[PDB]
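Attaching a single structure in structure tokens format; questions to follow.
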Amino acid sequence: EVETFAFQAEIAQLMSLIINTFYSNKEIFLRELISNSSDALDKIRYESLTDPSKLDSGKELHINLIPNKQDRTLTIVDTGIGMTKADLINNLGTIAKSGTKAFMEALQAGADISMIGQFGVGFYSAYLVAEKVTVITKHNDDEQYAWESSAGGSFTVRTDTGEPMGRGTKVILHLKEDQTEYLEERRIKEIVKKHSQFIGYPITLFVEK
Ligand SMILES: Cc1cn(-c2cc3c(c(CC(C)C)c2)C(=O)NCC3)c2c1C(=O)CC(C)(C)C2
């Protein structure tokens, strides 16, 4: 069963701005997604200090970058806290409402698209390079879910039928035809070195066979 939801008015407006604005510095999408993954990892690591059983679903705390030239997809895998059904539909969207409003007010006031992370809505920078984003997530307190959006004001949430994750999040970016440079080993290495060199978790770039 697939449930369809409309994005909050402010979010739909932000997504339209990210997709239609001419902005060449698209590489910032990777540091934003890596930062979300890093925050999820910080969360589970902190929680595990008072409750060690929170790591029964996996002890390894890492980030995996998986480019796929055949499928034209860039996958970001983390073994972070994951997201519940409530996080995907209500909680993160509620927090994102105030952040989006502030970011759009700042953009009008002279700020550029790269400052998106300061407003906590960095996830949506994925739409600078992706036509569709799929989020596979598993939190200790919930089942495995699949969130998906090609923008256009709506998103879908379904219980994931695929391979079990244990704990964490998989962000699958179905890249735009002209954004294939983000599938190149050399380009990903350069972006990670320039923007994510001090992330406190191992970042493993999966080389294509
Ligand atoms: C804000 C925001 C932030 N993120 C987001 C995106 C991600 C993660 C998190 C949680 C950590 C920051 C603790 C949040 C995460 O756990 N891993 C990478 C993807 C999303 C949003 C959304 O509005 C849509 C969403 C729920 C599909 C994803």
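Note that ligands are numbered from 1 as they come in the structure, with each ligand's atoms numbered from 1 the same way. FYI, the numbering just counts along the sequence from 1.
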Original post:
Any salt bridge between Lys170 and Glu163, counting N to O under 4.0 Å?
Top reply: no
Original post:
Less than 4.0 Å between a side-chain N and a carboxylate O, is that true for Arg187 and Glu181?
Top reply: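 Result for this pair is yes, salt bridge flagged.
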Original post:
For atom 16 (O) of ligand 1, what's the nearest protein heavy atom and its distance?
Top reply: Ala40 CB, 3.2 Å
Original post:
Do the ring planes of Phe5 and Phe155 sit parallel (below 30°), tilted (30 to 60°) or perpendicular (above 60°)?
Top reply: parallel
Subject >> Basic-acidic side-chain contact under 4.0 Å: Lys101, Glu105 >> reply: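 Yes.
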Original post:
Where the closest heavy atom to atom 18 (C) of ligand 1 is concerned, which of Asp42, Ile76, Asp78 has it?
Top reply: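 Heavy atom nearest to atom 18 (C) of ligand 1 belongs to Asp78.
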Subject >> Location of contacts on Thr169 toward ligand 1, heavy atoms closer than 4.0 Å >> reply: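 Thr169 to ligand 1: side-chain contact only, backbone stays beyond 4.0 Å.
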Original post:
Between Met83 and ligand 1, which part of the residue brings a heavy atom under 4.0 Å of the ligand: side chain, backbone, both or neither?
Top reply: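 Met83 to ligand 1: side-chain contact only, backbone stays beyond 4.0 Å.
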Original post:
Between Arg72 and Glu177, is there a salt bridge with N-O shorter than 4.0 Å?
Top reply: yes
Subject >> Side-chain heavy-atom pair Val133, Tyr127 within 4.5 angstrom cut-off >> reply: yes
Subject >> Side chain to side chain, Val171 and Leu173, heavy atoms closer than 4.5 Å >> reply: yes
Subject >> Under 3.5 Å: N/O of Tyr124 near N/O of ligand 1 >> reply: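 There is such a contact, yes.
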Original post:
Which atoms of ligand 1 sit under 4.0 Å from any heavy atom of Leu92?
Top reply: 1 (C), 14 (C), 26 (C)
Original post:
Just distances here: any N/O of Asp87 and N/O of ligand 1 closer than 3.5 Å?
Top reply: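 N/O-N/O distance under 3.5 Å: no.
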Subject >> Close side-chain approach of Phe206 to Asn64, heavy-atom, < 4.5 Å >> reply: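 Counting from C-beta outward, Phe206 and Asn64 do come under 4.5 Å.
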**OP:** Measure the distance from atom 11 (C) of ligand 1 to every protein heavy atom, then report the residue, atom name and distance (to 0.1 Å) of the closest one.
**Re:**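 Result: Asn36 O, 3.6 Å.
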Original post:
So, does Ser37 sit close enough to ligand 1 that a heavy atom of it is under 4.0 Å from the ligand?
Top reply: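 Judged by the 4.0 Å heavy-atom criterion, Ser37 does count as contacting ligand 1.
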**OP:** Please state whether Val121 comes within less than 4.0 angstrom of ligand 1, counting heavy atoms only.
**Re:**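 For ligand 1, residue contact (heavy atoms, under 4.0 Å) with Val121 is absent.
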**OP:** With heavy atoms of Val171 as the reference, note each atom of ligand 1 found under 4.0 Å away.
**Re:**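 This gives 19 (C) as the contact atoms.
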**OP:** Pick whichever of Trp147, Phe7, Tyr145, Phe123 has a heavy atom sitting closest to atom 3 (C) of ligand 1.
**Re:**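 Checking each option, the heavy atom nearest atom 3 (C) of ligand 1 is found in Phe123.
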